[PDB]
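Participant: Have a look at this one.
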Amino acid sequence: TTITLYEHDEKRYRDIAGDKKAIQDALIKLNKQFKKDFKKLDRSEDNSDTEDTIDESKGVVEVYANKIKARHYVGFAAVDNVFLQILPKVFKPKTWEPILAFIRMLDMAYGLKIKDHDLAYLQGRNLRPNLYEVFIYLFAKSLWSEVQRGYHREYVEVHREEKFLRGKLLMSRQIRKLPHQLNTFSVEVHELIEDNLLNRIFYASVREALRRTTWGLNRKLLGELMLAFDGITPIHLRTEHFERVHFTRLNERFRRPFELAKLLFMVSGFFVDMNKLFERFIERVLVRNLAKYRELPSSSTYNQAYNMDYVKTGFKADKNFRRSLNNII
Amino acid sequence: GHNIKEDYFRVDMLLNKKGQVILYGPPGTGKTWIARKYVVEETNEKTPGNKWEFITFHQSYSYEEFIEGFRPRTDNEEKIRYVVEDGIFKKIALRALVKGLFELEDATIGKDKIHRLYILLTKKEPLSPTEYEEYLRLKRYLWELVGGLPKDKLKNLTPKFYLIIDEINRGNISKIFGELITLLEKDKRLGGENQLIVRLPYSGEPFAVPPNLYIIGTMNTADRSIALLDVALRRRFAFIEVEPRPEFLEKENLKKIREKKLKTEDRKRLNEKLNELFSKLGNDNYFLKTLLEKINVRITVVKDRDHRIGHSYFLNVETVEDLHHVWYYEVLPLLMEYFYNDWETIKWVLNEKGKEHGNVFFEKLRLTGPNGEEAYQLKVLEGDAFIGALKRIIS
Amino acid sequence: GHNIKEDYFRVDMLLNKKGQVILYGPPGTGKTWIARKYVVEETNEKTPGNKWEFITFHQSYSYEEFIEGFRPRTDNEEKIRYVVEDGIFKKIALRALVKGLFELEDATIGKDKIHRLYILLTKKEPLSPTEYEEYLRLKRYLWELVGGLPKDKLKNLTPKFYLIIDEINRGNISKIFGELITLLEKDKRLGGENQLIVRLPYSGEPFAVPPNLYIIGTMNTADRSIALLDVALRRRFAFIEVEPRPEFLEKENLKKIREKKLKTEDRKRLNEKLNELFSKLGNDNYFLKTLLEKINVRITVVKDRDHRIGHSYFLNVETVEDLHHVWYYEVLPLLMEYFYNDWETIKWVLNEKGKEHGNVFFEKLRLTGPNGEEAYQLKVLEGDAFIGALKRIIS
Amino acid sequence: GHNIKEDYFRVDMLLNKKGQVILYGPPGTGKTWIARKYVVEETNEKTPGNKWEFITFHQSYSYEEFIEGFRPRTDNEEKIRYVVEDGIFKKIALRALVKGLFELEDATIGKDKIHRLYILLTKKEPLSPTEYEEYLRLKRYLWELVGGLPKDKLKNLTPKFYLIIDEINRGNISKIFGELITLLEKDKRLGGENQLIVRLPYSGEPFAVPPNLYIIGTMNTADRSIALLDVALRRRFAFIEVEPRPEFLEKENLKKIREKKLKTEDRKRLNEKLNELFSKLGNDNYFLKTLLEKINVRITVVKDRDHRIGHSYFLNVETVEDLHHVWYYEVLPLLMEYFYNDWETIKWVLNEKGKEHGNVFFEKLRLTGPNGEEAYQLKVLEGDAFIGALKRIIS
Amino acid sequence: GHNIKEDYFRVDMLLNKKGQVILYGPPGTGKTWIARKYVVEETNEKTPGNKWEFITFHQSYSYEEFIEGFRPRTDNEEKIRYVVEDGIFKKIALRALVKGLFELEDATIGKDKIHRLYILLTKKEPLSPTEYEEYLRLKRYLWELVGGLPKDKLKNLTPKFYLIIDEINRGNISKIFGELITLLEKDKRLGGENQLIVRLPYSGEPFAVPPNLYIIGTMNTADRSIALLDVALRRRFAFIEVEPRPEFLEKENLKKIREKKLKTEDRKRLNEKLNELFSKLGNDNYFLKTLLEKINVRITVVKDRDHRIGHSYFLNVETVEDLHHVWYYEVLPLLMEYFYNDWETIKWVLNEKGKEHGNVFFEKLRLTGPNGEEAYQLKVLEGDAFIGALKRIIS
Ligand SMILES: Nc1nc2c(ncn2[C@@H]2O[C@H](COP(=O)(O)OP(=O)(O)OP(O)(O)=S)[C@@H](O)[C@H]2O)c(=O)[nH]1
Ligand SMILES: Nc1nc2c(ncn2[C@@H]2O[C@H](COP(=O)(O)OP(=O)(O)OP(O)(O)=S)[C@@H](O)[C@H]2O)c(=O)[nH]1
Ligand SMILES: Nc1nc2c(ncn2[C@@H]2O[C@H](COP(=O)(O)OP(=O)(O)OP(O)(O)=S)[C@@H](O)[C@H]2O)c(=O)[nH]1
Ligand SMILES: Nc1nc2c(ncn2[C@@H]2O[C@H](COP(=O)(O)OP(=O)(O)O)[C@@H](O)[C@H]2O)c(=O)[nH]1
Ligand SMILES: [Mg+2]
Ligand SMILES: [Mg+2]
Ligand SMILES: [Mg+2]
Ligand SMILES: [Mg+2]
């Protein structure tokens with residue numbers, strides 16, 4: 001059951017065509033999982049203090065016996081056949097325009113490099129509006145564009161007993177061989193291997209993505225990524241795995257799929273507070289045109305003190321702020 | 001035999017243009033069979049070794065087994081020695097050049113040295129150290145003669161030689177084709193307009209591909225991603241798509257293939273079984289044609305065209321239990337492999353998407369997990385249940 | 001029971017169809033036992049050696065152990081010499097071909113140099129340097145005879161030889177088989193349509209796989225799935241799911257399984273203990289049938305079919321402390337290994353989720369970590385509280 | 001012209017200014033062709049071996065076969081002998097240096113020892129163990145000779161030597177060029193402003209690159225995994241971009257390229273074949289020019305500029321059937337590797353976006369998936385339907 | 001009792017069931033001590049050499065030092081001869097077979113040849129070249145004798161032999177055992193149902209594992225667990241978890257462990273050190289028991305059970321300064337490598353999460369980072385502050 005919510009919207013269980021309890025206790029195991037991961041989640045005067053506040057069904061959503069009221073935490077959530085997404089109510093209309101505004105919000109504020117032509121490709125594909133399947137697509141398209149541009153291979157120094165002399169003959173190991181051991185060479189080789197730790201992360205991210213994706217567009221994109229990572233060893237994606245990748249000239253072109261693979265993989269789903277999503281927004285806005293999130297710098301749209309207009313639903317919004325910058329400066 | 005003499009014609013015309021072709025397509029389309037039958041037709045030799053060779057690339061296959069490498073050999077007193085053994089491409093490229101230098105009626109080719117080099121290239125036991133040094137000496141004479149020989153005679157090397165590289169995408173082709181990225185191109189061969197003689201690292205010897213050597217590769221395009229080939233290496237080969245041909249799976253076309261190699265008293269005994277098989281399929285002579293076309297279009301929509309099911313599995317089907325074998329051991333494991341056990345996608349390919357717990361190929365388990373997970377299980381249907389489920393795919 | 005006629009027929013149908021088969025399944029399903037018993041029944045040889053051989057694939061398994069490699073040997077003056085010796089596959093394939101040509105009534109076959117090659121191929125003692133040089137001159141005579149023999153005689157060579165490869169998924173198939181994984185195909189075999197006389201790298205000897213030779217792979221799938229195999233192993237081999245059979249663990253089925261070799265005074269002694277075993281289980285003869293199928297169904301919805309619990313652990317259970325040792329040191333170590341300490345999935349497989357600090361197999365530790373981490377302790381229940389939680393699994 | 005003189009002139013100017021160039025670009029743009037054409041015109045030698053060498057880098061090139069390394073050699077008095085053998089670069093650099101000291105007029109230079117070292121460097125046979133010690137002796141004589149030579153003498157070494165390294169990015173270049181990252185700089189060569197002489201690890205011998213030696217690399221830019229991203233190594237080379245030139249595919253430019261190898265009446269045979277070809281393209285002499293330039297700027301937008309189709313795909317067409325075989329077997333399978341299962345983009349490259357049926361290269365399959373996904377079938381056009389679908393691309 | 005007699009019963013049960021066992025667990029639980037003292041309890045031999053052997057596996061341990069391999073040897077007049085020298089597994093298996101047949105009463109046994117072979121298998125020195133010929137003569141006689149004896153008399157060989165392989169997971173089992181890991185199965189031993197007598201690759205004698213030879217491995221599971229072991233070890237070997245037992249660290253149980261290793265002149269000096277150790281530790285005799293078990297439960301919550309602290313750290317502790325030196329130089333260096341740069345976990349393990357300053361092992365630094373990063377500082381407590389910090393962990 002896919003739940004599409006804005007912040008502080010309430011839809012009852014009778015409103016969503018699903019089950020009366022399977023929609024409940026799925027995300028109950030997520031907002032308690034959000035209570036477990038609450039200390040690493042960043043807040044900027046959001047006034048939560050959830051040491052025991054989120055334990056009383058007050059995590060990313062309110063689990064009432066009648067309805068589900070959403071909170072300021074925006075993002076997607078996939079648990080136990082129940083998909084949930086919470087969007088900013090700034091972008092709430094009077095069906096794809098609110099989601100891509102939320103993509104381009106955390107593209108230019110959270111520091112990602114989400115291309116606009118990849119978001120323009122999803123429009124007109126008559127798909128269902130889904131935060132998870134958009135980020136599954138953006139990970140899988142950026143990974144498939146990179147693997148097509150070149151398969152990631154690393155050089156590793158291997159000391160092998162080889163039946164053909166490849167690379168550098170290890171002389172002190174070959175000299176100290178008894179004469180019944182002279183049917184192989186002790187060599188040092190620097191070989192282009194494909195089973196890297198970066199490719200093992202990308203393989204286990206494509207495996208976890210087909211386990212939960214529902215678009216045929218993403219499934220076809222991830223299936224050809226699955227055949228690309230065929231000879232790669234399957235791993236389990238720990239947080240220990242994602243920190244052993246260090247980005248140099250060899251693999252910095254695989255950084256855009258990696259920051260998307262880290263955003264999805266590490267009950268799972270990304271959530272940022274919209275209070276601090278607006279904090280990191282305007283500090284990247286005030287510095288190139290030259291923070292309370294309630295209705296009453298604040299946000300201004302067709303549904304919603306310097307007001308910030310939103311033409312980002314589909315860069316001339318900051319030109320209207322010059323009339324506000326003429327008084328502020 | 002009208003359709004075999006045009007797939008021969010695609011291979012024959014493009015081998016004259018590019019020097020080397022790749023037959024690509026899904027597994028089971030007859031790519032290894034077309035490549036082998038073209039070469040036994042062109043080179044009138046049923047066995048590899050003289051004017052053609054058969055090699056299969058695998059993940060562990062290397063440049064050193066293909067071109068040359070330092071290799072531990074033994075003496076005639078079986079003491080170990082490290083020599084540079086020529087690989088299978090270099091042994092047949094030198095064979096194609098030296099046999100091509102036989103028929104050249106030139107007054108500068110030392111035919112006694114060239115025929116002795118041919119014997120050491122066609123010797124199949126490993127060379128004695130007293131004839132390995134003769135083999136290095138005659139190769140040293142060969143590239144001395146070839147380098148001072150004009151393109152008018154080097155481009156007309158008459159006996160064509162062939163190298164079938166089966167499963168060529170299963171190896172790291174750029175690593176295995178070390179100098180062969182440059183050398184295989186038709187301009188870069190001997191007698192070519194931009195003829196290139198390379199120096200090989202291990203032996204230190206000159207090397208070039210002769211023009212009468214041809215390489216037919218076969219690529220199963222569902223066993224390795226075709227978007228992982230090198231674009232520059234792709235420029236060397238003509239790429240011939242060998243697609244599944246379910247028109248071979250009609251009753252008259254099944255008879256026209258299986259009666260080219262067996263006797264007449266076995267022919268109509270095979271024909272009465274094919275008439276017995278197709279009678280149980282609703283007396284539809286185009287049943288296996290329609291069954292393979294319907295699942296391959298359904299595969300092409302939700303997967304690649306490269307992951308289609310080939311026609312060669314159903315080609316030796318003459319009973320219902322032969323069709324029951326091919327479906328449950330060549331089709332259904334192959335569909336589960338291609339779709340990574342996505343039961344909802346396979347059941348749409350098998351035209352049974354909103355249909356479980358019945359006469360289906362994938363029954364749903366009645367138990368659900370704690371996370372709401374549903375599992376599907378392959379159901380073996382026999383008799384009228386199997387034929388009625390194959391008719392559900394067509395309908 | 002009809003287990004060893006139903007799995008016998010499925011192997012025998014697939015061995016004369018594909019040429020080679022892989023018995024895949026979860027561990028403890030009798031895959032190696034089915035592979036060994038079918039082969040012993042098909043050869044009337046209880047031990048490996050002449051008509052069959054048994055090997056295990058590991059990650060360090062090589063081409064040289066399997067096909068061909070240089071072995072260090074001594075001299076008369078005890079210096080190291082290097083003999084190229086035949087691996088286990090080259091020995092079983094040459095033994096299958098020589099026994100195939102010895103029974104083949106033909107006039108071109110010498111039948112005394114062939115029978116002498118059969119002695120040197122079955123010789124368990126290592127060959128003398130005058131026998132090994134004789135062994136090489138007979139394999140020269142053999143392969144020039146097989147190359148001269150037509151396809152009509154090499155179609156059906158009568159005695160059937162078997163190579164059981166235990167844990168075939170552990171070995172690197174590209175390094176072990178090499179190029180010769182393609183000779184396993186039914187048409188590429190020695191007498192088929194597209195047959196291949198390949199030359200071997202070390203001794204330059206002709207080699208081909210006869211139709212006598214059948215490969216019965218055995219493969220655990222809980223450690224490595226079929227999708228994680230080499231693509232050459234998926235294409236050439238047929239695959240049989242050796243399913244875990246809880247119907248063996250019925251009280252009368254458990255009696256007749258152990259009585260196939262037991263003392264005839266020990267039948268009433270098993271009827272002493274197996275009747276007192278199932279009396280403590282609640283006089284339900286289908287207890288261990290229901291217990292293994294309630295476990296394996298709950299595995300299949302939360303994981304693969306590959307990770308089910310096999311029936312072989314419960315076969316030698318005659319008392320409740322034998323059932324306690326099998327549950328706590330074979331079954332629960334398998335469940336904790338499969339689920340990677342995800343105890344709430346293991347507790348749902350035993351349907352004890354939401355049930356902690358009691359007579360459970362996994363009690364909760366009452367300490368919550370600094371990041372909310374929770375752990376579970378493997379509680380070791382004994383006696384009637386062990387059955388009281390084991391009865392709760394099937395309820 | 002820009003290629004008749006000027007692309008030659010870019011190589012000659014940047015090879016004297018920098019000492020080594022790398023010709024980079026898409027496949028089939030003429031990087032290997034102009035590298036071979038320049039060096040054959042400079043050295044007046046059609047074949048390598050003297051005054052120029054041709055090598056191709058790959059993943060089994062090493063430092064040990066390029067500069068120097070312990071390579072095992074075998075004699076008759078000794079079985080296994082590990083010997084530091086100089087690689088192909090150390091052979092071509094010492095050959096350039098020794099030949100440069102032939103024509104120097106110093107009385108310090110012992111001409112008999114230098115001429116003897118040239119024989120042992122240009123020896124086609126491998127070095128005898130009594131000649132390898134003479135070779136090690138004359139090398140250590142030379143490196144103390146040029147160490148005491150004035151740098152005004154050492155920099156004008158007269159006969160230029162050329163190492164063409166085709167596919168230079170296919171090897172681990174910094175691993176291959178071990179000491180050469182230092183030594184290949186133009187003022188760090190012999191007689192340079194900051195002349196450097198390194199110490200080599202295996203032979204323990206001094207080494208420097210002469211100013212007499214030039215490197216012409218040809219690297220491919222379509223593969224970004226082997227992209228030359230070593231910022232310090234890039235400083236040593238001039239990077240000449242060889243772009244796809246669609247203006248070669250004009251009718252008046254096609255004949256004057258293709259008739260430079262044709263002598264008397266095959267030019268007339270080529271002329272009326274190109275007259276017949278371009279009359280069937282609507283009398284557009286710039287048809288294939290517009291076909292390449294419209295496809296390549298469409299490839300440049302959706303994929304990189306390094307994935308442009310080189311003009312060598314279309315440079316050998318003479319009929320509309322040659323264009324048809326270049327399209328359907330070389331160009332269109334390449335675009336299907338570029339835009340793999342990405343049908344809306346490859347239809348935009350072929351200017352048929354939104355045209356689902358008709359005389360179109362990719363016909364839409366009428367079936368849609370369960371999730372609404374869609375596939376396109378490759379339609380093989382022929383005749384004016386093929387030429388009319390090619391006119392849709394160019395306009 | 002609970003350390004020996006209860007734990008030996010688990011070893012006696014599984015070693016007489018599986019034939020080989022691996023004692024696994026975290027370090028310091030006594031796996032090597034239990035394996036040594038059990039085997040001395042069974043063989044009645046304190047020093048190895050006759051009825052048992054001790055080795056440690058490592059990564060340079062191989063086949064030639066374990067079973068057999070060629071070795072150079074001066075046999076006569078300093079002319080070295082390459083002979084097969086038996087490794088420790090072949091020697092302990094032949095020693096178990098010979099002593100099993102010396103105490104057998106078949107009367108076709110040649111006891112004078114059998115007992116002389118037992119002398120040659122127990123020589124502490126390398127064998128004479130005269131004795132090496134007799135050793136090969138009697139090994140030849142032994143394997144004709146074993147090959148003639150029935151299977152049922154080879155079943156119950158009387159004296160049990162042992163091979164303690166410490167750190168069994170540290171050597172690669174595929175290259176150490178070779179193909180002989182399958183001979184360790186109960187049925188595949190010398191007398192079982194599927195009894196296999198293999199040949200050895202270098203010497204060619206027969207070899208089989210006798211049933212009275214047992215393998216006791218000890219294995220650390222803190223580095224890599226049972227689920228990531230070699231697949232040859234996980235099925236051939238039985239597995240006993242040697243867990244940390246903090247009940248040894250009770251005051252009465254710390255006396256009884258250490259009073260056995262001392263004379264009675266130094267027994268009473270240790271009871272006046274442990275009475276004055278648990279007088280500073282409050283007066284609780286279960287302090288170090290509760291200190292280990294409160295920490296070890298907290299390790300299972302965050303990491304796993306495999307990373308628990310063994311009792312052997314606190315087992316030689318006689319004073320508070322002994323407990324202080326165990327803490328700051330063994331325990332906390334291990335816990336800071338368990339939770340590296342992870343401060344709130346290790347403060348939760350030490351029951352001090354929240355308590356930031358004073359009487360803690362980790363004092364909070366007074367500086368908050370730019371991103372809110374917070375670091376701690378290892379505070380060395382000496383005296384009653386150290387005891388009160390330890391007794392905060394136990395409370
Ligand atoms: N009588 C009888 N014994 C069986 C049966 N199935 C398994 N066993 C016994 O169980 C033991 C283990 O069976 P085995 O052949 O090793 O299964 P496996 O699938 O190969 O197990 P693994 O190697 O993956 S761990 C064998 O010794 C065999 O005798 C059966 O159906 N009948
Ligand atoms: N006359 C002429 N021929 C050219 C020109 N460019 C390419 N060719 C022809 O096309 C063929 C391919 O050119 P080539 O040099 O081999 O491409 P490349 O740059 O090396 O492409 P790559 O796949 O190896 S990476 C050459 O043999 C040459 O005959 C050119 O500018 N003038
Ligand atoms: N009396 C007694 N001493 C023990 C016991 N366990 C460990 N020890 C003592 O502590 C020492 C360490 O035990 P040891 O056997 O080496 O631990 P381990 O399990 O092998 O640790 P590792 O080798 O994996 S690091 C032993 O030498 C022994 O003296 C025990 O249970 N009883
Ligand atoms: N006679 C005939 N046999 C075919 C044809 N296509 C496939 N086969 C047979 O099918 C079998 C397997 O086909 P194969 O070539 O190995 O499939 P591929 O290599 O994956 O394309 C071979 O033994 C062929 O003999 C065909 O068109 N005609
Ligand atoms: Mg094939
Ligand atoms: Mg097995
Ligand atoms: Mg090139
Ligand atoms: Mg130990």
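Every chain in the structure tokens has a letter given in the order shown (A, B, ...), and although residue numbers restart at 1 in each chain, ligands are simply numbered from 1 in the order shown.
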Near stretch 149-163 of chain C, within 8 Å and counting only C-alpha atoms, which residues show up once chain neighbours fewer than 6 positions away are dropped, as a ChimeraX atom specification?

Facilitator: /C:39,42-43,51-55,89,92,96-97,99-101,103-104,108,190-193,210-216

Participant: Store the residues picked out above in a file with N, CA and C atoms, as a PDB file, in the first residue's frame.

Facilitator:
ATOM      1  N   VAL C  39      24.752 -44.376  -8.876  1.00  0.00           N
ATOM      2  CA  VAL C  39      25.916 -44.764  -9.656  1.00  0.00           C
ATOM      3  C   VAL C  39      26.357 -46.185  -9.310  1.00  0.00           C
ATOM      4  N   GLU C  42      23.959 -48.394 -11.017  1.00  0.00           N
ATOM      5  CA  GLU C  42      24.099 -48.358 -12.466  1.00  0.00           C
ATOM      6  C   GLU C  42      25.403 -48.969 -12.959  1.00  0.00           C
ATOM      7  N   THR C  43      26.338 -49.282 -12.062  1.00  0.00           N
ATOM      8  CA  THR C  43      27.601 -49.893 -12.443  1.00  0.00           C
ATOM      9  C   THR C  43      27.842 -51.255 -11.819  1.00  0.00           C
ATOM     10  N   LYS C  51      34.498 -48.326 -12.964  1.00  0.00           N
ATOM     11  CA  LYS C  51      33.402 -47.785 -13.754  1.00  0.00           C
ATOM     12  C   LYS C  51      32.901 -46.447 -13.240  1.00  0.00           C
ATOM     13  N   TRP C  52      33.417 -45.969 -12.110  1.00  0.00           N
ATOM     14  CA  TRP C  52      33.088 -44.626 -11.664  1.00  0.00           C
ATOM     15  C   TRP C  52      34.178 -44.084 -10.760  1.00  0.00           C
ATOM     16  N   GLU C  53      34.198 -42.759 -10.656  1.00  0.00           N
ATOM     17  CA  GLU C  53      35.126 -42.035  -9.809  1.00  0.00           C
ATOM     18  C   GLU C  53      34.364 -40.980  -9.025  1.00  0.00           C
ATOM     19  N   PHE C  54      34.905 -40.629  -7.863  1.00  0.00           N
ATOM     20  CA  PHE C  54      34.301 -39.658  -6.965  1.00  0.00           C
ATOM     21  C   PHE C  54      35.340 -38.599  -6.645  1.00  0.00           C
ATOM     22  N   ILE C  55      34.976 -37.330  -6.829  1.00  0.00           N
ATOM     23  CA  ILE C  55      35.858 -36.217  -6.513  1.00  0.00           C
ATOM     24  C   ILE C  55      35.082 -35.124  -5.799  1.00  0.00           C
ATOM     25  N   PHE C  89      39.530 -36.414 -14.555  1.00  0.00           N
ATOM     26  CA  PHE C  89      38.565 -36.382 -15.645  1.00  0.00           C
ATOM     27  C   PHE C  89      39.136 -37.000 -16.906  1.00  0.00           C
ATOM     28  N   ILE C  92      39.052 -40.791 -16.343  1.00  0.00           N
ATOM     29  CA  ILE C  92      37.731 -41.413 -16.427  1.00  0.00           C
ATOM     30  C   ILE C  92      37.171 -41.310 -17.845  1.00  0.00           C
ATOM     31  N   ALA C  96      36.502 -44.574 -20.087  1.00  0.00           N
ATOM     32  CA  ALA C  96      35.175 -44.757 -20.661  1.00  0.00           C
ATOM     33  C   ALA C  96      35.246 -45.015 -22.158  1.00  0.00           C
ATOM     34  N   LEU C  97      36.170 -44.346 -22.846  1.00  0.00           N
ATOM     35  CA  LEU C  97      36.304 -44.521 -24.286  1.00  0.00           C
ATOM     36  C   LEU C  97      36.934 -45.866 -24.624  1.00  0.00           C
ATOM     37  N   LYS C  99      36.969 -48.667 -22.727  1.00  0.00           N
ATOM     38  CA  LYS C  99      35.971 -49.698 -22.459  1.00  0.00           C
ATOM     39  C   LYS C  99      34.815 -49.629 -23.444  1.00  0.00           C
ATOM     40  N   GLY C 100      34.544 -48.446 -23.994  1.00  0.00           N
ATOM     41  CA  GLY C 100      33.540 -48.344 -25.035  1.00  0.00           C
ATOM     42  C   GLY C 100      33.992 -48.973 -26.338  1.00  0.00           C
ATOM     43  N   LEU C 101      35.278 -48.837 -26.664  1.00  0.00           N
ATOM     44  CA  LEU C 101      35.818 -49.435 -27.877  1.00  0.00           C
ATOM     45  C   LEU C 101      36.161 -50.907 -27.705  1.00  0.00           C
ATOM     46  N   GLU C 103      34.214 -53.137 -25.983  1.00  0.00           N
ATOM     47  CA  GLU C 103      32.955 -53.833 -26.200  1.00  0.00           C
ATOM     48  C   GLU C 103      32.396 -53.603 -27.597  1.00  0.00           C
ATOM     49  N   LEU C 104      32.889 -52.591 -28.307  1.00  0.00           N
ATOM     50  CA  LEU C 104      32.415 -52.281 -29.652  1.00  0.00           C
ATOM     51  C   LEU C 104      32.969 -53.303 -30.633  1.00  0.00           C
ATOM     52  N   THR C 108      38.370 -52.657 -37.161  1.00  0.00           N
ATOM     53  CA  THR C 108      39.489 -51.725 -37.137  1.00  0.00           C
ATOM     54  C   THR C 108      40.160 -51.646 -35.774  1.00  0.00           C
ATOM     55  N   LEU C 190      32.041 -37.404 -28.082  1.00  0.00           N
ATOM     56  CA  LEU C 190      32.815 -38.208 -29.018  1.00  0.00           C
ATOM     57  C   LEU C 190      31.893 -39.163 -29.760  1.00  0.00           C
ATOM     58  N   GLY C 191      31.323 -38.690 -30.861  1.00  0.00           N
ATOM     59  CA  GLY C 191      30.338 -39.440 -31.610  1.00  0.00           C
ATOM     60  C   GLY C 191      29.093 -38.661 -31.955  1.00  0.00           C
ATOM     61  N   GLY C 192      28.938 -37.448 -31.434  1.00  0.00           N
ATOM     62  CA  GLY C 192      27.814 -36.606 -31.771  1.00  0.00           C
ATOM     63  C   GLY C 192      27.993 -35.937 -33.119  1.00  0.00           C
ATOM     64  N   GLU C 193      27.086 -35.002 -33.404  1.00  0.00           N
ATOM     65  CA  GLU C 193      27.119 -34.313 -34.689  1.00  0.00           C
ATOM     66  C   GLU C 193      28.264 -33.310 -34.745  1.00  0.00           C
ATOM     67  N   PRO C 210      33.683 -38.983 -24.176  1.00  0.00           N
ATOM     68  CA  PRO C 210      32.855 -39.991 -24.823  1.00  0.00           C
ATOM     69  C   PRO C 210      31.423 -39.913 -24.329  1.00  0.00           C
ATOM     70  N   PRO C 211      30.470 -40.529 -25.036  1.00  0.00           N
ATOM     71  CA  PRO C 211      29.098 -40.596 -24.515  1.00  0.00           C
ATOM     72  C   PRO C 211      28.913 -41.586 -23.376  1.00  0.00           C
ATOM     73  N   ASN C 212      29.920 -42.412 -23.070  1.00  0.00           N
ATOM     74  CA  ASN C 212      29.863 -43.269 -21.891  1.00  0.00           C
ATOM     75  C   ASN C 212      29.864 -42.465 -20.604  1.00  0.00           C
ATOM     76  N   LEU C 213      30.485 -41.294 -20.617  1.00  0.00           N
ATOM     77  CA  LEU C 213      30.798 -40.573 -19.397  1.00  0.00           C
ATOM     78  C   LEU C 213      29.652 -39.647 -19.024  1.00  0.00           C
ATOM     79  N   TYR C 214      29.185 -39.763 -17.788  1.00  0.00           N
ATOM     80  CA  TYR C 214      28.125 -38.921 -17.259  1.00  0.00           C
ATOM     81  C   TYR C 214      28.624 -38.236 -15.998  1.00  0.00           C
ATOM     82  N   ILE C 215      28.313 -36.957 -15.857  1.00  0.00           N
ATOM     83  CA  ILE C 215      28.771 -36.172 -14.719  1.00  0.00           C
ATOM     84  C   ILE C 215      27.572 -35.894 -13.830  1.00  0.00           C
ATOM     85  N   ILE C 216      27.607 -36.402 -12.609  1.00  0.00           N
ATOM     86  CA  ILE C 216      26.567 -36.114 -11.634  1.00  0.00           C
ATOM     87  C   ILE C 216      27.165 -35.134 -10.635  1.00  0.00           C
TER      88      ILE C 216
END

Participant: Compute the set of chain B residues within 7 Å of chain D, using only C-alpha atoms, and express it as an MDAnalysis selection string.

Facilitator: chainID B and resid 81:82 147 175 178:179 194 197:199 201:202 226:227 230:232 238:240 300:302 304

Participant: Select, as a PyMOL selection string, those residues of chain A with any atom no more than 10 Å from chain E (distances computed using only C-alpha atoms).

Facilitator: chain A and resi 178-181

Participant: Name the residues in contact with stretch 284-289 of chain C at a cut-off of 6 Å, using only C-alpha atoms, excluding same-chain residues fewer than 4 positions from it; report them as a PDB file with C-alpha atoms, in the first residue's frame.

Facilitator:
ATOM      1  CA  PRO C 246      10.030 -34.668   5.834  1.00  0.00           C
ATOM      2  CA  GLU C 247       7.943 -37.744   4.935  1.00  0.00           C
ATOM      3  CA  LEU C 249      10.828 -38.622   9.231  1.00  0.00           C
ATOM      4  CA  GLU C 250       7.461 -40.308   9.751  1.00  0.00           C
ATOM      5  CA  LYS C 251       7.649 -42.947  12.480  1.00  0.00           C
TER       6      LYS C 251
END
